[PDB]
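K.L.:
Structure, please.
(2 chains)
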Amino acid sequence: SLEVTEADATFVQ
Amino acid sequence: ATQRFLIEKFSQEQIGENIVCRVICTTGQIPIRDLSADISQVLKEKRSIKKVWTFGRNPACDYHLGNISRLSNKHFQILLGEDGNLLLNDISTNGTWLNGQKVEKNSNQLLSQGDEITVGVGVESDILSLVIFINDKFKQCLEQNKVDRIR
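P.N.:
Numbering: from 1, shown residues only, chains lettered A, B, ... in the order given. For reference, the structure is listed below:
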């Protein structure tokens, strides 16, 4: 379940 | 019966009692809130920082937003202290933006007049902006900080 904040994975562009 | 004061309150309530900065959403998503700090505590507290605000989808956060999956519980944080200025600290999982320019997370930045912070970047349809309103009165008091007080 959890609730990890949806964060992109584009090597922090 | 608070009728007269009500007139002055709506037209222009007395702001600056201990008001640091105000957060206003321009994208129309989160309700306006008022950030504040005690002047006596700021002057008396000769430490690194005085009071800091945390903003995000967290009910703990000094600022509670609506519900953006792109934003984190505590998307961003604002710190007040140093001497007579303000600093903005980003703390989002996705990042915090300033007028379109992304800043370094958990990093301190110099306050700006009517500054604005953008969050939830990645999807043009998933970004939220916020405007910061600095209290002129606060700046005036901070300028004098400790009154000489002529004995």
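K.L.:
for residue A:8, helix, strand, or coil?
P.N.:
Recorded secondary structure, residue A:8: coil (DSSP: H, G, I helix; E, B strand; the rest coil).
K.L.:
just checking, it touches residue B:122?
P.N.:
Yes - here residue A:8 reaches residue B:122: they are 4.5 Å apart, a contact under CB atoms under 8 Å. C-beta: built from backbone N, CA, C; applies to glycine.
K.L.:
Please enumerate the shared neighbours of those two.
P.N.:
Taking CB atoms under 8 Å, 6 or more residues apart in numbering or on different chains as the contact rule, residue A:8 and residue B:122 both touch residue B:94.
K.L.:
so how far does stretch B:57-66 reach from one end to the other?
P.N.:
One end of stretch B:57-66 sits 7 Å from the other (CA to CA, to the nearest Å).
K.L.:
Can you name the residues that contact residue 10?
P.N.:
With no chain named, the answer covers chain A. residue B:122.
K.L.:
same thing with residue B:33?
P.N.:
Residue B:33 is in contact with B:22-23, B:63, counting by CB under 8 Å, 6+ apart.
K.L.:
and residue B:141, helix, strand or coil?
P.N.:
Per three-state DSSP, residue B:141 ends up helix.
K.L.:
Leaving out sequence neighbours, find the closest residue to it.
P.N.:
Using CB to CB, 6 or more residues apart in numbering or on different chains and skipping the chain neighbours, the partner closest in space to residue B:141 is residue B:39 (5.8 Å).
K.L.:
Show me which positions of stretch B:82-97 end up buried.
P.N.:
Buried residues in stretch B:82-97, counted by 16 or more other CB atoms under 10 Å in any protein chain shown: B:82, B:86-97.
K.L.:
Out of those, which sit inside strands?
P.N.:
When DSSP state E is applied, these are split such that B:86-90, B:96-97 fall in strands.
K.L.:
what's the helix or strand for the residue positioned nearest the centre of chain B?
P.N.:
Nearest to the mean C-alpha position of chain B, by CA atoms, centre = their mean, lies residue B:21 at 4.3 Å. Here residue B:21 sits within strand B:19-25, counting by DSSP states H and E.
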